[PDB]
Structures are given as structure tokens and as C-alpha cells.
Amino acid sequence: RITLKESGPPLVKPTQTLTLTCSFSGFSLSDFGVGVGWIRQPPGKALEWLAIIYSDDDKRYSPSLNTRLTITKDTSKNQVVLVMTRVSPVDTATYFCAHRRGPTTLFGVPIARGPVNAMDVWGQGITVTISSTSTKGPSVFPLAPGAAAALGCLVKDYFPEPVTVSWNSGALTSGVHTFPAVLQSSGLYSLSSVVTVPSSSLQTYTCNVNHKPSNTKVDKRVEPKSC
Amino acid sequence: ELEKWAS
Amino acid sequence: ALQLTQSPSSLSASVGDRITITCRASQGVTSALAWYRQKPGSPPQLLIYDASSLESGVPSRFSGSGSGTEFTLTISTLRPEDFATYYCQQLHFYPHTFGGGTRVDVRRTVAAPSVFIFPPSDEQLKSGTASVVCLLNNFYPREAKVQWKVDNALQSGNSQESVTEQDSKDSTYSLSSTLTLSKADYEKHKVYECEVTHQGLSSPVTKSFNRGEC
């Protein structure tokens with residue numbers, strides 16, 4: 001059984017250097033033709049290939065990132081390290097390392113190369129966020145209005161993830177939509193949480209927001225304005 | 001360029 | 001470099017259907033192509049290697065064929081765990097490219113979004129910033145287009161949006177879009193509009209308000 005696992009800092013600041021380690025078990029980077037590669041996935045985006053290293057020590061890099069990447073192996077520790085320099089916000093992504101089989105051998109003679117055509121086992125992935133922001137609590141603002149009515153709370157400018165939002169201390173669940181946060185160009189996150197109700201219920205509505213990282217709890221009652 | 005185990 | 005284009009980018013289906021996803025390469029990659037299935041929150045999982053070989057432990061409903069520039073993955077009888085995003089990967093040329101992915105989600109009746117526009121709170125305005133949010137609630141299919149207009153000027157580069165994951169009961173999606181402006185710019189205009197295009201809407205719907213109107 002082959003397993004891989006990524007480790008490194010979850011948070012990194014722009015211009016800094018990011019070092020990611022892939023520790024694995026079940027194979028050796030001294031086994032014939034084996035490879036270990038790195039692939040990343042920005043939130044909501046496609047997979048992007050970064051680099052790979054083989055047991056005979058040949059190395060290859062994405063041409064778009066070549067100047068900022070270094071991949072190396074430590075055979076005796078069963079680890080592969082990928083160093084990315086000068087990171088910027090667009091480098092925020094989940095980073096995965098993965099195993100690549102070498103050709104099948106028969107009495108130590110390569111006879112099948114078809115198994116090298118895939119990365120067959122992957123690590124769970126490690127989430128890395130690139131932002132210069134310091135820990136900071138959100139500002140919470142009201143969002144106020146088939147014949148459904150909508151209202152919500154805009155949880156703005158906080159760092160880092162995550163934040164939790166519930167409605168009426170947990171009693172309001174139907175019609176609730178809490179959207180995934182977006183990382184603003186400022187380096188702070190922002191999210192909305194809304195709830196749809198029969199245009200008659202306008203019943204009281206309060207969003208309970210909690211950002212553990214900054215010890216910031218806020219309850220904000222939201223109503224249909226006009227005094 | 002062509003992959004390592006190239007065709 | 002080498003381009004790998006997946007089709008379709010998104011696909012709706014129901015348990016029991018037969019689906020086929022295709023991947024085309026800009027130059028021939030021989031048989032060096034792999035297919036993966038990735039479920040939300042998890043790493044991609046290898047299904048098919050070397051264009052058509054079934055990876056060990058992978059269920060037989062998955063099948064891959066093709067070589068050169070055109071490949072296909074077909075799942076013969078879709079199971080609930082197959083609602084996910086699929087990717088193809090080429091390993092003939094460096095860099096070892098991935099396709100853009102194809103999202104497979106639960107099919108249901110087209111449903112237009114209920115649209116709502118929210119002006120910025122007076123509380124936010126006092127801090128000097130103005131957020132205008134637009135909500136597209138419970139729609140299907142997933143593709144929707146939001147266009148912000150301020151006093152009829154088309155907005156660009158000053159909004160961000162996020163979409164919820166498919167609802168497990170509804171099978172619909174919801175989308176939130178935030179237009180952000182300084183309090184000053186905000187004050188220099190009156191009509192804030194959120195224009196929405198979607199398959200379930202005969203023509204675009206616009207929700208708006210005039211700033212300061214009391």
C-alpha cells in the first residue's frame with residue numbers, strides 16, 4: 001500500500017519562499033523508474049501540473065513556473081521537497097504530491113511501459129494561502145430587501161478562514177445559503193450568508209457570526225429597513 | 001519536449 | 001504548449017445513465033493519457049491509465065478508449081459517487097498537462113433564479129466603502145451570467161462572485177455577486193443594476209435601485 005502526505009506552512013506572505021514536503025511510504029525513490037510529481041489546484045479551478053522527479057534523479061518543471069521551482073529528493077528519508085520562490089496571491093491553491101509508477105519489469109527487465117501513463121496514488125493535498133494580511137475579525141453588515149423575500153449578512157474583511165454563520169442561533173436552516181468566501185485583492189476574505197422566507201414571515205432574523213481565529217462573535221438582527 | 005518513457 | 005480540451009465542460013445526468021466525456025489533444029499523445037475522478041474535498045483518483053487500462057480496484061463501469069488526439073471516458077451506469085468532476089491528463093510531452101475538467105451533476109428541470117439586489121448598508125458607508133450585492137437564488141443549470149451596470153455603464157474588474165455546491169434536496173445552485181466601490185464613487189451615481197442571464201429566463205432580468213431614493 002502506497003500512501004503520500006504533503007506538509008508545509010498553511011499561510012505564506014507574498015515574495016516569500018514556500019517549501020513543501022511530500023513524505024511517502026510503500027515505495028522507495030530508489031525503485032526502478034519511479035516518479036513523484038506535484039500538482040496544484042487553486043480554489044474552484046482545474047488541476048495544474050508543476051513538476052516531477054524520478055529515482056534516477058531526472059527533474060522536469062512546468063515551463064510557466066520553471067524559474068520559481070526547485071524539486072529535490074531525499075531517498076533515505078522517503079521525502080520529495082518542492083521549493084517555490086517569490087510567491088504571490090495567485091499561488092494560493094491546494095498542493096498535491098503523487099506517485100508515478102515506473103515500467104513493469106520481469107526478472108529485472110523492463111517489459112511494459114503502459115503503467116507509467118498516469119499518476120496512480122495521490123496525497124490528500126495541503127491548502128496554502130498566500131496573503132500579507134494579519135489575523136483580523138469581520139465587519140458584519142445587513143443585507144435587507146415564488147413571492148419569497150431575501151435577506152442576509154455580509155461578513156466582510158476577515159482573515160484567515162474560516163468563519164461560521166448560522167441563523168437564529170441554529171433554529172433557522174431552511175432557505176439558508178452561506179456562500180464560500182472570496183479572497184479579495186486586499187488579502188482579506190469576504191462572504192455573504194442569505195436566507196429566503198415566505199414574503200409574509202417578515203418572525204425575526206438574526207445571523208450569528210463567529211471567526212474563531214480573532215475571537216470575534218457577532219449576532220446581527222436584520223430587518224426590512226424603513227424604521 | 002518528449003516525455004521520459006517516449007513512445 | 002500542448003492543449004487538452006475536455007468536452008463537455010459540464011454535464012447533467014441521473015443515476016443509471018451512461019455518460020461519456022471526451023478529451024482532445026492539440027498534437028498526438030499516443031496512448032499516454034489518464035483519467036481521474038475527483039470528488040469535492042478529495043484528491044483526484046486514478047480511473048484509467050494508458051488511455052484504456054482499468055486501474056486496479058476501480059469499478060468496471062468505467063471505461064476508456066482512444067489514442068492519438070481523441071479520447072473518451074464512459075461510465076456505463078452512473079452511481080451516486082460519480083457526481084463529481086473528471087479530468088484527463090496527458091503524459092507524452094512535458095509539461096504533463098491536465099484538461100479543464102468536466103463537472104457531472106444531478107439533472108433536474110430547468111429553474112430560473114429568483115434575483116435580489118441589496119444596496120450597501122448605511123453602516124458600511126460610514127466606513128467609506130460600498131458593497132452592492134446581487135443574489136441569484138435556487139437556479140439550474142449552473143451556468144449564469146451577472147452583469148453590473150451603474151448609471152448604464154457596464155462594470156468590470158470590481159465585482160466578485162461565488163456559487164454554492166449543488167443542493168442535496170433541490171439540485172439547484174445559488175450565486176452571490178458583490179460589486180465594491182469607494183463611498184465616494186458610490187455617491188457619484190444613482191442607478192445600480194444587476195443584470196442576469198440564464199437558461200430559464202426568456203430574456204435577461206434586471207433588478208435595480210436608485211441610490212439615496214427615500
# chains A, B, ... in the order shown; residues from 1 in each chain; ligands from 1
>>> residues_around(residues="residue 4 (chain B)", least_positions_apart="2", cutoff="10 Å", atoms="only C-alpha atoms", output="list in words")
residues 33, 54, 58, 60 and 116 of chain A; 1, 2, 6 and 7 of chain B; 91, 92, 93 and 94 of chain C
>>> write_last_selection(atoms="C-alpha atoms", output="PDB file, in the first residue's frame")
ATOM      1  CA  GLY A  33      11.865   4.351 -12.851  1.00  0.00           C
ATOM      2  CA  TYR A  54      12.396  10.307 -10.807  1.00  0.00           C
ATOM      3  CA  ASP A  58      15.973  13.453 -13.711  1.00  0.00           C
ATOM      4  CA  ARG A  60      11.253  18.385 -15.035  1.00  0.00           C
ATOM      5  CA  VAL A 116       3.798   4.896 -16.309  1.00  0.00           C
TER       6      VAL A 116
ATOM      7  CA  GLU B   1       9.973  18.041 -25.328  1.00  0.00           C
ATOM      8  CA  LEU B   2       9.006  14.338 -25.288  1.00  0.00           C
ATOM      9  CA  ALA B   6       8.595   8.423 -25.014  1.00  0.00           C
ATOM     10  CA  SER B   7       6.853   6.370 -27.382  1.00  0.00           C
TER      11      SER B   7
ATOM     12  CA  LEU C  91       1.942  12.240 -20.129  1.00  0.00           C
ATOM     13  CA  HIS C  92       3.625  12.075 -23.564  1.00  0.00           C
ATOM     14  CA  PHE C  93       5.101  15.613 -23.550  1.00  0.00           C
ATOM     15  CA  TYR C  94       6.400  17.846 -20.760  1.00  0.00           C
TER      16      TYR C  94
END
>>> select_by_dssp(residues="chain C", states="helix (DSSP H, G or I)", output="short mmCIF file (atom, residue, chain, number, x, y, z; two decimals) with N, CA, C and O atoms, in the first residue's frame")
data_model
loop_
_atom_site.label_atom_id
_atom_site.label_comp_id
_atom_site.auth_asym_id
_atom_site.auth_seq_id
_atom_site.Cartn_x
_atom_site.Cartn_y
_atom_site.Cartn_z
N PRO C 80 -24.27 7.17 -7.55
CA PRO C 80 -24.23 8.45 -6.83
C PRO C 80 -22.83 9.02 -6.58
O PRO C 80 -22.63 10.21 -6.66
N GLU C 81 -21.85 8.18 -6.31
CA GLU C 81 -20.50 8.64 -6.10
C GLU C 81 -19.84 9.21 -7.36
O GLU C 81 -18.77 9.80 -7.26
N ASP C 82 -20.49 9.09 -8.52
CA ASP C 82 -19.90 9.58 -9.76
C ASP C 82 -20.23 11.03 -10.08
O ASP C 82 -19.78 11.57 -11.10
N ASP C 122 -25.97 51.66 5.49
CA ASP C 122 -25.50 52.96 5.94
C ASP C 122 -24.35 52.73 6.85
O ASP C 122 -23.48 53.55 6.93
N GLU C 123 -24.35 51.60 7.56
CA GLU C 123 -23.26 51.31 8.47
C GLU C 123 -21.95 51.13 7.69
O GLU C 123 -20.88 51.60 8.11
N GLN C 124 -22.01 50.40 6.57
CA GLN C 124 -20.78 50.21 5.78
C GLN C 124 -20.35 51.56 5.21
O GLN C 124 -19.18 51.92 5.30
N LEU C 125 -21.29 52.27 4.60
CA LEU C 125 -20.98 53.59 4.01
C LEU C 125 -20.17 54.51 4.96
O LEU C 125 -19.23 55.17 4.52
N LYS C 126 -20.50 54.53 6.25
CA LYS C 126 -19.77 55.35 7.23
C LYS C 126 -18.31 54.95 7.32
O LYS C 126 -17.48 55.73 7.78
N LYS C 183 -16.95 54.76 -1.09
CA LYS C 183 -18.14 55.50 -0.75
C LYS C 183 -18.22 56.66 -1.73
O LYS C 183 -19.27 56.93 -2.29
N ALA C 184 -17.09 57.32 -1.97
CA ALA C 184 -17.10 58.46 -2.90
C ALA C 184 -17.67 58.13 -4.27
O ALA C 184 -18.60 58.79 -4.72
N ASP C 185 -17.13 57.11 -4.94
CA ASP C 185 -17.64 56.73 -6.27
C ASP C 185 -19.10 56.35 -6.15
O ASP C 185 -19.91 56.68 -7.01
N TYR C 186 -19.42 55.64 -5.09
CA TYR C 186 -20.79 55.22 -4.91
C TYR C 186 -21.69 56.42 -5.01
O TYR C 186 -22.67 56.40 -5.73
N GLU C 187 -21.34 57.47 -4.29
CA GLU C 187 -22.14 58.69 -4.22
C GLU C 187 -22.26 59.43 -5.53
O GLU C 187 -23.16 60.24 -5.71
#
>>> closest_residue(among="A:106, A:53, A:83, A:165", to="chain B", atoms="only C-alpha atoms")
A:53
>>> interface_residues(of="chain A", to="chain C", cutoff="8 Å", atoms="only C-alpha atoms", output="CSV table (one decimal) with N, CA and C atoms, in the first residue's frame")
chain,number,residue,atom,x,y,z
A,46,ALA,N,-9.1,24.2,-12.1
A,46,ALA,CA,-8.6,22.9,-12.7
A,46,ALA,C,-7.3,22.5,-12.1
A,47,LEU,N,-6.8,21.3,-12.3
A,47,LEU,CA,-5.6,20.8,-11.8
A,47,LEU,C,-4.5,21.4,-12.7
A,48,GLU,N,-3.3,21.7,-12.1
A,48,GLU,CA,-2.2,22.3,-12.8
A,48,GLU,C,-0.9,21.6,-12.4
A,49,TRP,N,-0.3,21.0,-13.4
A,49,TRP,CA,0.9,20.2,-13.2
A,49,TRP,C,2.1,21.1,-12.9
A,50,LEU,N,2.9,20.8,-11.9
A,50,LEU,CA,4.1,21.6,-11.5
A,50,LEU,C,5.5,21.1,-11.8
A,51,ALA,N,5.7,19.8,-11.5
A,51,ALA,CA,7.0,19.2,-11.6
A,51,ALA,C,7.0,17.8,-11.3
A,60,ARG,N,11.9,17.6,-14.0
A,60,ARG,CA,11.3,18.4,-15.0
A,60,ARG,C,10.3,19.4,-14.4
A,61,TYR,N,10.1,20.5,-15.0
A,61,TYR,CA,9.3,21.6,-14.4
A,61,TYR,C,8.3,22.2,-15.4
A,62,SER,N,7.2,22.6,-14.9
A,62,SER,CA,6.3,23.4,-15.7
A,62,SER,C,7.1,24.6,-16.3
A,63,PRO,N,7.0,24.8,-17.6
A,63,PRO,CA,7.7,25.9,-18.2
A,63,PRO,C,7.3,27.3,-17.6
A,96,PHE,N,-0.8,19.0,-4.2
A,96,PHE,CA,-0.8,17.6,-4.1
A,96,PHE,C,0.5,17.0,-4.6
A,114,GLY,N,3.2,0.9,-20.3
A,114,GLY,CA,1.8,1.4,-20.1
A,114,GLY,C,1.6,1.8,-18.7
A,115,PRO,N,2.1,1.1,-17.6
A,115,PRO,CA,1.8,1.6,-16.3
A,115,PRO,C,2.4,3.0,-15.9
A,116,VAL,N,3.3,3.6,-16.7
A,116,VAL,CA,3.8,4.9,-16.3
A,116,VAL,C,2.9,6.0,-16.8
A,117,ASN,N,1.9,5.6,-17.6
A,117,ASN,CA,1.0,6.7,-18.1
A,117,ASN,C,-0.2,7.1,-17.2
A,118,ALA,N,0.1,7.6,-16.0
A,118,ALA,CA,-0.8,8.1,-15.0
A,118,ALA,C,-0.1,8.4,-13.7
A,119,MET,N,-0.7,9.2,-12.9
A,119,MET,CA,-0.1,9.5,-11.5
A,119,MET,C,-1.2,8.6,-10.8
A,120,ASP,N,-0.7,7.4,-10.3
A,120,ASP,CA,-1.7,6.4,-9.7
A,120,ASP,C,-2.1,6.6,-8.2
A,121,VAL,N,-1.3,7.2,-7.4
A,121,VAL,CA,-1.7,7.4,-6.0
A,121,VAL,C,-1.4,8.9,-5.6
A,122,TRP,N,-2.3,9.5,-5.0
A,122,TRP,CA,-2.2,10.9,-4.6
A,122,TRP,C,-2.2,11.2,-3.1
A,123,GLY,N,-1.6,12.3,-2.6
A,123,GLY,CA,-1.7,12.6,-1.2
A,123,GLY,C,-3.0,13.3,-1.0
A,124,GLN,N,-3.5,13.5,0.2
A,124,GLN,CA,-4.7,14.2,0.5
A,124,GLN,C,-4.7,15.7,0.0
A,125,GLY,N,-3.5,16.3,-0.1
A,125,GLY,CA,-3.4,17.7,-0.5
A,125,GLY,C,-3.2,18.6,0.6
A,141,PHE,N,-22.4,43.3,8.1
A,141,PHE,CA,-23.4,44.3,7.7
A,141,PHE,C,-24.6,43.6,7.2
A,142,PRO,N,-25.8,44.3,7.4
A,142,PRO,CA,-27.1,43.7,7.0
A,142,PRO,C,-27.3,43.7,5.5
A,143,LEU,N,-28.0,42.7,5.0
A,143,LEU,CA,-28.4,42.6,3.6
A,143,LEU,C,-30.0,42.6,3.8
A,144,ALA,N,-30.6,43.7,3.4
A,144,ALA,CA,-32.1,43.8,3.5
A,144,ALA,C,-32.8,44.1,2.2
A,145,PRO,N,-33.9,43.5,2.0
A,145,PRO,CA,-34.8,43.6,0.9
A,145,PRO,C,-35.2,45.1,0.4
A,146,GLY,N,-43.0,31.5,-4.7
A,146,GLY,CA,-42.3,32.4,-5.7
A,146,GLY,C,-42.1,33.8,-5.2
A,150,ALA,N,-35.8,38.0,0.5
A,150,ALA,CA,-34.5,37.5,0.9
A,150,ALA,C,-33.7,38.5,1.8
A,177,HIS,N,-28.5,30.0,2.7
A,177,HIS,CA,-27.4,29.7,1.8
A,177,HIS,C,-26.2,30.5,2.3
A,178,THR,N,-25.1,29.9,2.7
A,178,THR,CA,-23.9,30.5,3.1
A,178,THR,C,-22.9,30.3,2.0
A,179,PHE,N,-22.5,31.3,1.3
A,179,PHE,CA,-21.6,31.1,0.2
A,179,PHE,C,-20.2,31.0,0.6
A,180,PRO,N,-19.3,30.3,-0.3
A,180,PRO,CA,-17.9,30.2,0.0
A,180,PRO,C,-17.4,31.6,-0.1
A,181,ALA,N,-16.4,31.9,0.8
A,181,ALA,CA,-15.8,33.2,0.8
A,181,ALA,C,-14.9,33.4,-0.4
A,182,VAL,N,-14.7,34.7,-0.8
A,182,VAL,CA,-13.8,35.0,-1.9
A,182,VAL,C,-12.6,35.7,-1.2
A,192,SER,N,-21.0,36.2,2.0
A,192,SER,CA,-22.4,36.5,2.3
A,192,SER,C,-23.0,35.3,2.8
>>> select_by_dssp(residues="region 75-145 of chain C", states="strand (DSSP E)", output="PDB file with C-alpha atoms, in the first residue's frame")
ATOM      1  CA  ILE C  75     -19.248   5.447 -17.277  1.00  0.00           C
ATOM      2  CA  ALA C  84     -18.072  14.745  -9.450  1.00  0.00           C
ATOM      3  CA  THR C  85     -15.507  16.419 -11.668  1.00  0.00           C
ATOM      4  CA  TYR C  86     -13.452  14.354 -14.124  1.00  0.00           C
ATOM      5  CA  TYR C  87     -10.060  15.222 -15.549  1.00  0.00           C
ATOM      6  CA  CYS C  88      -7.882  13.806 -18.319  1.00  0.00           C
ATOM      7  CA  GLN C  89      -4.031  14.099 -18.198  1.00  0.00           C
ATOM      8  CA  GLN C  90      -1.528  13.759 -20.991  1.00  0.00           C
ATOM      9  CA  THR C 102     -15.876  18.237 -16.683  1.00  0.00           C
ATOM     10  CA  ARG C 103     -18.371  18.594 -13.829  1.00  0.00           C
ATOM     11  CA  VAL C 104     -21.045  15.925 -13.678  1.00  0.00           C
ATOM     12  CA  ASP C 105     -24.048  16.962 -11.564  1.00  0.00           C
ATOM     13  CA  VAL C 106     -27.604  15.732 -10.716  1.00  0.00           C
ATOM     14  CA  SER C 114     -35.034  34.422  -8.099  1.00  0.00           C
ATOM     15  CA  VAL C 115     -32.929  37.602  -8.246  1.00  0.00           C
ATOM     16  CA  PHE C 116     -32.489  40.188  -5.471  1.00  0.00           C
ATOM     17  CA  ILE C 117     -30.318  43.324  -5.247  1.00  0.00           C
ATOM     18  CA  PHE C 118     -29.106  44.699  -1.950  1.00  0.00           C
ATOM     19  CA  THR C 129     -16.782  51.539   1.367  1.00  0.00           C
ATOM     20  CA  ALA C 130     -19.851  50.478  -0.541  1.00  0.00           C
ATOM     21  CA  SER C 131     -20.780  46.879  -1.301  1.00  0.00           C
ATOM     22  CA  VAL C 132     -23.640  46.148  -3.615  1.00  0.00           C
ATOM     23  CA  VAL C 133     -24.684  42.511  -3.561  1.00  0.00           C
ATOM     24  CA  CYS C 134     -26.774  40.591  -6.026  1.00  0.00           C
ATOM     25  CA  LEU C 135     -28.289  37.254  -5.234  1.00  0.00           C
ATOM     26  CA  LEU C 136     -29.389  34.584  -7.746  1.00  0.00           C
ATOM     27  CA  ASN C 137     -31.294  32.037  -5.680  1.00  0.00           C
ATOM     28  CA  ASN C 138     -32.053  28.348  -6.455  1.00  0.00           C
ATOM     29  CA  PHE C 139     -31.467  28.091 -10.237  1.00  0.00           C
ATOM     30  CA  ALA C 144     -25.469  32.027 -15.065  1.00  0.00           C
ATOM     31  CA  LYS C 145     -24.099  35.412 -16.043  1.00  0.00           C
TER      32      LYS C 145
END
